[PDB]
$ cat run19.txt   # compact mmCIF, C-alpha atoms (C1' of nucleotides) and all ligand atoms
# COMPACT_ATOMS: atom_id res chain seq x y z
CA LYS A 11 119.77 99.97 79.56
CA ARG A 12 118.22 101.27 82.81
CA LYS A 13 120.64 104.24 82.37
CA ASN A 14 118.16 106.15 80.13
CA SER A 15 116.45 107.85 83.06
CA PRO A 16 117.75 110.58 85.34
CA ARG A 17 119.83 109.32 88.26
CA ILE A 18 118.20 110.36 91.53
CA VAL A 19 120.78 110.56 94.31
CA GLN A 20 119.42 111.60 97.73
CA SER A 21 120.95 111.60 101.19
CA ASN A 22 119.93 108.77 103.47
CA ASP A 23 118.66 111.41 105.90
CA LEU A 24 116.00 112.25 103.33
CA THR A 25 115.27 108.58 102.62
CA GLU A 26 114.57 108.22 106.36
CA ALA A 27 112.81 111.52 107.16
CA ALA A 28 109.26 111.77 108.53
CA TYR A 29 106.85 113.53 106.16
CA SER A 30 103.59 113.26 104.22
CA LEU A 31 103.44 113.90 100.45
CA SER A 32 101.27 112.68 97.59
CA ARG A 33 102.53 110.70 94.63
CA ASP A 34 102.34 113.93 92.64
CA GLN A 35 104.23 115.96 95.21
CA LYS A 36 107.00 113.34 95.16
CA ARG A 37 107.17 113.01 91.35
CA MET A 38 108.10 116.71 91.47
CA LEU A 39 110.43 116.22 94.48
CA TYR A 40 112.56 113.94 92.30
CA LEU A 41 112.83 116.64 89.59
CA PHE A 42 113.90 119.28 92.14
CA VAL A 43 116.73 117.26 93.74
CA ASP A 44 118.06 116.51 90.23
CA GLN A 45 118.36 120.24 89.59
CA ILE A 46 120.24 121.30 92.73
CA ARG A 47 122.57 118.38 91.95
CA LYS A 48 123.64 120.37 88.86
CA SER A 49 124.75 123.52 90.73
CA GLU A 55 126.42 127.43 95.66
CA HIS A 56 122.75 126.72 94.92
CA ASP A 57 120.00 129.11 95.98
CA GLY A 58 116.76 127.10 96.00
CA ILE A 59 114.90 128.35 92.91
CA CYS A 60 113.67 125.52 90.70
CA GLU A 61 111.60 125.49 87.51
CA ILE A 62 109.01 123.06 86.11
CA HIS A 63 107.69 122.99 82.53
CA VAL A 64 104.23 121.50 81.98
CA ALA A 65 105.20 120.22 78.55
CA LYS A 66 108.23 118.33 79.83
CA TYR A 67 106.47 116.92 82.90
CA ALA A 68 103.99 115.32 80.51
CA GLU A 69 106.73 113.64 78.44
CA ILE A 70 108.26 112.24 81.63
CA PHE A 71 105.14 110.75 83.25
CA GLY A 72 103.15 109.67 80.18
CA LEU A 73 100.40 112.28 80.64
CA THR A 74 98.45 114.79 78.60
CA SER A 75 99.16 118.51 78.64
CA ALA A 76 95.91 119.39 80.40
CA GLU A 77 96.37 116.63 83.01
CA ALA A 78 99.97 117.59 83.77
CA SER A 79 98.83 121.17 84.45
CA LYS A 80 96.20 119.85 86.87
CA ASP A 81 98.67 117.64 88.73
CA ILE A 82 101.30 120.40 89.08
CA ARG A 83 98.75 123.07 90.03
CA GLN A 84 97.18 121.12 92.91
CA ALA A 85 100.49 119.66 94.20
CA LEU A 86 102.09 123.11 94.44
CA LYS A 87 99.11 124.36 96.47
CA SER A 88 99.32 121.39 98.85
CA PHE A 89 102.85 122.06 100.04
CA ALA A 90 101.56 124.85 102.29
CA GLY A 91 102.04 123.84 105.89
CA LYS A 92 104.01 120.64 105.06
CA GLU A 93 107.00 120.27 107.42
CA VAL A 94 109.77 117.73 106.99
CA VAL A 95 111.48 116.28 110.06
CA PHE A 96 114.98 114.79 110.28
CA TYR A 97 116.23 112.45 112.97
CA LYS A 107 118.65 110.16 116.93
CA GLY A 108 117.87 113.82 116.15
CA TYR A 109 114.86 116.13 115.75
CA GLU A 110 114.91 119.00 113.20
CA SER A 111 111.74 120.31 111.50
CA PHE A 112 111.86 122.49 108.34
CA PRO A 113 109.24 123.79 105.87
CA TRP A 114 109.53 122.70 102.25
CA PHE A 115 108.70 126.03 100.56
CA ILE A 116 109.36 129.53 101.93
CA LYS A 117 107.49 131.45 99.14
CA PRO A 118 104.35 130.44 97.22
CA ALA A 119 104.96 129.07 93.74
CA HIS A 120 104.00 131.11 90.70
CA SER A 121 104.00 131.09 86.90
CA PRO A 122 105.61 133.88 84.84
CA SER A 123 105.30 132.26 81.42
CA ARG A 124 102.53 130.05 80.04
CA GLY A 125 103.25 126.46 81.01
CA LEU A 126 106.10 127.10 83.47
CA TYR A 127 106.14 127.42 87.26
CA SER A 128 108.78 128.87 89.60
CA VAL A 129 109.23 127.33 93.07
CA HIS A 130 111.37 128.49 95.99
CA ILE A 131 112.55 125.51 98.08
CA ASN A 132 113.83 126.24 101.59
CA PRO A 133 117.54 127.02 101.45
CA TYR A 134 118.25 124.95 104.50
CA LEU A 135 117.30 121.61 103.04
CA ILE A 136 120.05 121.46 100.41
CA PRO A 137 122.83 119.82 102.51
CA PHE A 138 120.18 117.29 103.50
CA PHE A 139 119.78 116.59 99.82
CA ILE A 140 123.49 116.48 98.96
CA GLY A 141 124.66 114.19 101.74
CA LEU A 142 128.02 113.12 103.10
CA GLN A 143 130.06 110.66 101.03
CA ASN A 144 129.01 106.98 100.96
CA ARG A 145 125.89 107.53 103.06
CA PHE A 146 123.29 107.91 100.35
CA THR A 147 120.50 106.34 98.30
CA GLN A 148 120.22 106.21 94.49
CA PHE A 149 117.83 105.02 91.73
CA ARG A 150 116.86 105.77 88.12
CA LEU A 151 113.65 107.75 87.57
CA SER A 152 112.26 105.02 85.31
CA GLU A 153 112.41 102.53 88.19
CA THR A 154 109.85 104.60 90.09
CA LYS A 155 107.74 106.51 87.55
CA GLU A 156 104.94 103.87 87.24
CA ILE A 157 104.37 103.47 91.07
CA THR A 158 101.05 104.97 92.21
CA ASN A 159 100.73 104.66 96.01
CA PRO A 160 103.08 107.17 97.70
CA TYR A 161 103.74 104.73 100.59
CA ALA A 162 104.86 102.17 98.05
CA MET A 163 107.25 104.84 96.88
CA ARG A 164 108.70 105.37 100.36
CA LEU A 165 109.33 101.64 100.79
CA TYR A 166 111.04 101.36 97.40
CA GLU A 167 113.32 104.19 98.45
CA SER A 168 114.30 102.57 101.76
CA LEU A 169 114.86 99.22 100.03
CA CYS A 170 117.13 100.95 97.52
CA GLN A 171 119.23 102.27 100.43
CA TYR A 172 120.43 98.69 101.16
CA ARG A 173 120.93 97.65 97.53
CA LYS A 174 124.31 96.13 96.73
CA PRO A 175 126.04 96.81 93.38
CA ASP A 176 124.14 93.81 91.96
CA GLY A 177 120.60 94.88 92.77
CA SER A 178 120.07 92.44 95.64
CA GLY A 179 119.64 93.09 99.32
CA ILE A 180 118.12 92.15 102.64
CA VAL A 181 116.92 94.46 105.40
CA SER A 182 114.82 94.40 108.60
CA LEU A 183 112.55 97.38 109.38
CA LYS A 184 110.74 97.75 112.71
CA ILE A 185 107.01 98.39 112.24
CA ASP A 186 106.74 101.24 114.73
CA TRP A 187 109.51 102.94 112.74
CA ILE A 188 107.62 102.51 109.45
CA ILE A 189 104.56 104.16 111.03
CA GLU A 190 106.58 107.17 112.23
CA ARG A 191 108.72 107.98 109.20
CA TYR A 192 106.26 107.12 106.42
CA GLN A 193 103.64 108.85 108.64
CA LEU A 194 100.97 106.17 107.97
CA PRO A 195 97.31 106.70 109.00
CA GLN A 196 96.18 105.71 112.48
CA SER A 197 93.96 102.75 111.62
CA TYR A 198 97.16 100.87 110.54
CA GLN A 199 98.42 100.62 114.14
CA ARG A 200 95.96 97.71 114.19
CA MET A 201 98.02 95.13 112.41
CA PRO A 202 95.40 93.27 110.26
CA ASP A 203 94.72 96.67 108.55
CA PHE A 204 98.46 97.43 108.17
CA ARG A 205 98.72 93.98 106.56
CA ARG A 206 95.78 94.52 104.14
CA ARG A 207 95.91 98.20 103.04
CA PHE A 208 99.73 98.79 103.20
CA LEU A 209 101.95 95.67 103.15
CA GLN A 210 100.21 93.58 100.50
CA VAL A 211 99.39 96.63 98.36
CA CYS A 212 102.91 98.07 98.40
CA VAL A 213 104.71 94.78 97.89
CA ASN A 214 102.48 93.84 94.92
CA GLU A 215 103.07 97.24 93.38
CA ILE A 216 106.89 97.03 93.51
CA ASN A 217 106.62 93.53 92.05
CA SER A 218 104.50 94.74 89.09
CA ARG A 219 105.83 98.24 88.35
CA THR A 220 109.57 98.18 89.04
CA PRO A 221 112.47 95.91 88.09
CA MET A 222 112.73 94.71 91.72
CA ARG A 223 111.56 91.28 92.91
CA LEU A 224 110.53 91.33 96.56
CA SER A 225 109.55 88.86 99.29
CA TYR A 226 109.15 89.29 103.05
CA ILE A 227 108.64 87.47 106.36
CA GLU A 228 107.23 88.71 109.67
CA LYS A 229 108.94 88.61 113.08
CA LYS A 230 106.71 87.87 116.07
CA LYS A 231 107.62 88.44 119.69
CA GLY A 232 105.00 86.99 121.98
CA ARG A 233 101.59 87.59 120.48
CA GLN A 234 102.90 90.69 118.59
CA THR A 235 104.50 91.33 115.21
CA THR A 236 107.45 93.71 115.48
CA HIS A 237 109.56 93.76 112.27
CA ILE A 238 109.17 93.04 108.57
CA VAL A 239 112.23 91.36 107.09
CA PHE A 240 112.48 92.32 103.41
CA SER A 241 114.75 90.84 100.78
CA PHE A 242 114.95 91.29 97.00
CA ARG A 243 116.79 90.46 93.78
CA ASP A 244 116.72 92.26 90.44
CA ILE A 245 114.99 90.85 87.37
CA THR A 246 118.28 91.18 85.56
CA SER A 247 119.20 87.73 87.32
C1' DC B 1 95.07 89.78 123.53
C1' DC B 2 95.70 88.17 118.57
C1' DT B 3 93.61 87.36 113.72
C1' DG B 4 90.65 88.21 108.79
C1' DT B 5 86.59 89.91 106.34
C1' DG B 6 82.27 92.91 105.26
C1' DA B 7 80.58 97.31 105.07
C1' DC B 8 80.61 102.35 104.53
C1' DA B 9 83.19 106.68 103.76
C1' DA B 10 86.28 109.60 101.81
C1' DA B 11 89.77 110.11 98.59
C1' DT B 12 92.46 109.35 94.08
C1' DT B 13 92.48 107.68 89.55
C1' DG B 14 92.62 108.50 84.07
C1' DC B 15 89.36 110.58 81.25
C1' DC B 16 86.00 113.98 78.89
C1' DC B 17 84.97 118.77 77.70
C1' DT B 18 84.92 124.07 77.26
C1' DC B 19 87.51 128.05 76.19
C1' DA B 20 91.17 131.73 76.00
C1' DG B 21 94.63 133.79 73.45
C1' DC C 1 97.83 124.49 69.00
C1' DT C 2 98.94 124.48 74.45
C1' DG C 3 97.45 124.62 78.64
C1' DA C 4 94.16 126.60 82.58
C1' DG C 5 89.57 125.35 83.93
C1' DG C 6 85.24 122.36 85.11
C1' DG C 7 83.45 117.84 85.73
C1' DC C 8 82.92 112.39 85.88
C1' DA C 9 82.46 107.26 87.23
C1' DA C 10 85.21 103.78 88.72
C1' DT C 11 88.69 102.15 91.78
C1' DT C 12 91.72 102.24 95.74
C1' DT C 13 92.66 103.99 100.37
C1' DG C 14 91.03 104.61 105.35
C1' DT C 15 87.88 103.32 109.25
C1' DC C 16 85.66 100.07 112.22
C1' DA C 17 81.98 96.44 113.87
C1' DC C 18 81.60 91.69 114.22
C1' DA C 19 83.17 86.76 114.62
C1' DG C 20 86.69 83.28 115.56
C1' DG C 21 91.63 81.24 117.91
MG MG A 301 98.59 112.15 99.73
MG MG A 302 118.50 128.66 88.38
MG MG A 303 96.00 113.34 88.29

$ encode --input "run19.txt" --output "structure tokens" --more "lines below"
Ligand SMILES: [Mg+2]
Ligand SMILES: [Mg+2]
Ligand SMILES: [Mg+2]
Amino acid sequence: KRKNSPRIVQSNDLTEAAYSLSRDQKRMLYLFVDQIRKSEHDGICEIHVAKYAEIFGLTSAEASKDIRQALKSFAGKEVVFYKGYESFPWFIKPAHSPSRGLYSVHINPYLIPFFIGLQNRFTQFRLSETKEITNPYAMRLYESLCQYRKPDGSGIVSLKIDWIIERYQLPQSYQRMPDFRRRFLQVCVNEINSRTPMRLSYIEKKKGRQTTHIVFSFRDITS
DNA sequence: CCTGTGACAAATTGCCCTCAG
DNA sequence: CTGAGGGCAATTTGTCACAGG
């Protein structure tokens, strides 16, 4: 049963926001949204090194490294919602540790309604589905794909490439499409195919000499 | 203009070790 | 013993010159 892992349920506004974060910063982001979901919430969240190591198959010393550098790298990271245009900071206070092996973070109290969206306008996935991805961009794509998933784990969706560049905030050399192909599309599609239960194919949409959309579709291995 | 590949750079990976308390 | 530190080589991500349709 896929039901063994936490159920991540985020608003589609988050699924579609424009931001940069590392794999490690996102692994934590999942744990934070879970914890608001279980409370009039105020923004204080807690992380235990020992538990984070259970969850991601890591050693105690390595989990401490990953948390400690992620938490430092939130400084100056804005998140932008869209159309619409609203920019917020993730943390309003620096994180700190009062007990050995435990950190206390203060997430911005305005983001919470953006996490807990309006009814039937939301994305959802088990934590197991995404814990073995490595590339953060491959994590963004798996999120967006999940947004279109029917009850039976199948779906089809067309994303415009300029929109992928803006929301996933991809590096500049990928505006030149042979590089986008080689260092993002093939790498992220292979990863979903090897690390998740999803089975993914795609076709490109040219207009004139240009490529403008990727047309993704997928079934679940439970077929 | 469009494409793919080779090369170099800079970054991320899981892993090894000391050491404090 | 846990976990806060330092460090590593190997691999993957990011940049871009060159050659062909
Ligand atoms: Mg990153
Ligand atoms: Mg609390
Ligand atoms: Mg690491």

$ residues_near_ligand --input "run19.txt" --ligand "ligand MG 301 (chain A)" --cutoff "10 Å" --atoms "all atoms listed in the file" --output "list in words"
residues 30, 31, 32, 33, 34, 35, 36, 85, 88, 159, 160 and 161 of chain A; 11 and 12 of chain B

$ residues_around --input "run19.txt" --residues "residue 21 (chain C)" --least-positions-apart "6" --cutoff "12 Å" --atoms "all atoms listed in the file" --output "list in words"
residues 1, 2, 3 and 4 of chain B

$ residues_around --input "run19.txt" --residues "region 222-224 of chain A" --least-positions-apart "3" --cutoff "7 Å" --atoms "only C-alpha atoms (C1' of nucleotides)" --output "ChimeraX atom specification"
/A:213,216-217,241-245

$ closest_atom_pairs --input "run19.txt" --of "chain A" --to "chain C" --cutoff "9 Å" --atoms "all atoms listed in the file" --output "CSV"
residue,atom,partner,partner_atom,distance
A:64,CA,C:3,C1',8.2
A:65,CA,C:2,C1',8.6
A:75,CA,C:3,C1',6.3
A:76,CA,C:3,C1',5.7
A:79,CA,C:3,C1',6.9
A:80,CA,C:4,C1',8.3
A:124,CA,C:3,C1',7.6
A:125,CA,C:3,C1',6.5
A:195,CA,C:14,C1',7.6
A:196,CA,C:14,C1',8.9
A:197,CA,C:15,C1',6.6
A:198,CA,C:14,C1',8.9
A:207,CA,C:13,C1',7.2

$ atom_distance --input "run19.txt" --atom1 "CA of residue 215 (chain A)" --atom2 "CA of residue 168 (chain A)"
15.0 Å

$ atom_distance --input "run19.txt" --atom1 "CA of residue 72 (chain A)" --atom2 "CA of residue 170 (chain A)"
23.9 Å

$ atom_distance --input "run19.txt" --atom1 "CA of residue 68 (chain A)" --atom2 "CA of residue 152 (chain A)"
14.1 Å
